[PDB]
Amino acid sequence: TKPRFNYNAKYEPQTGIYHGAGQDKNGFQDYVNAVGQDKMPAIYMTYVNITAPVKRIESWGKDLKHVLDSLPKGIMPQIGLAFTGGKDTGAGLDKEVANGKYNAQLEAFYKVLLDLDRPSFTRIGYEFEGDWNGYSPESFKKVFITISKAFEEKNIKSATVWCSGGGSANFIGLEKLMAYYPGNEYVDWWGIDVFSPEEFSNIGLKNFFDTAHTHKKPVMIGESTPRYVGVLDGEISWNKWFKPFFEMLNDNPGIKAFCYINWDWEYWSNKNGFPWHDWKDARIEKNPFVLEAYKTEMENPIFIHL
């Protein structure tokens, strides 16, 4: 495990990698029960869509407060903040948000963060370049800058994360990525989501880490799961996805946080109507080999729990 770089970013740990998991209250608890109470993640994954009614943002916040207060103190929420008008249908609403149409929702979102009054991360328009979200570069940047300036003006305890869809969005070149980039002054962390096992050996992944480092920003794996692999084949599942995953964390000193999604993706696709039906079963507690191998990785001192 290579020693980490340190960029002195907001909420960036000095030497380790934050342990994160998600992405619902019961899946999180099942995961913690499986890896051990002493390896409780420091990061809890949650999501909110800024184009929902104001009362839904308000109830998202109240439910999140209750869950966080039910857990040990100090957990940092990692918020996937979307602005879309459909479930992975390309229905980006970023131009409308840029124009003020959802200012009331944004105010409700800021209020939740001020009420939580604790360190957190906001992935603003996460997976910004994926065609399932359909964000446009110029309106994406305006929204990002607006929320980042509001965080600073309100002294909100949240670090902004500029989070790429990575291989799922075909590892677009750096010039195309920079069309979405609001500038170092508005971005606390970079982020990338890692899903299909082929992504680990794709040169696009290396190139992303290379340029994050020269932007002097730490990297969060904002979302990860053994997509199309699952856990149910034991050593076969481990070697196909988990082994390269932890190799990736070891080999890239700019990675300072990771978030593992402990989900039965078939179940959640049917329940929430998203198109993840064949992503396979990522619940590590459902296979003894993977559970034990994963627990062993979490004993690596590089990982920051609690």
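For every residue, the number given is its place in the sequence shown, counted from 1.
Stretches 119 to 127 and 171 to 179 differ in mean C-alpha B factor, with the higher average recorded for 171 to 179. Of the two segments, 271 to 279 and 43 to 51, the one listed with the higher mean B-factor is 271 to 279 (C-alpha atoms only). Within the listed group 191, 85, 197, 166, the record reports its top CA B-factor for 85. Out of 148, 103, 214, 224, it is 103 whose C-alpha atom has the highest B-factor in the PDB entry. In the PDB entry, a CA B factor belonging to the middle third of its chain's modelled residues is recorded for residue 206. Looking at the C-alpha B-factors along this chain, the one for residue 61 belongs to the highest third. Per the PDB record, residue ranking by Cα B-factor puts residue 253 in the middle third of the chain. Per the deposited record, the Cα B-factor of residue 26 falls in the middle third when ranked against the other modelled residues of its chain. Among the modelled residues of its chain, residue 228 has a C-alpha B-factor that falls in the middle third according to the deposited record.
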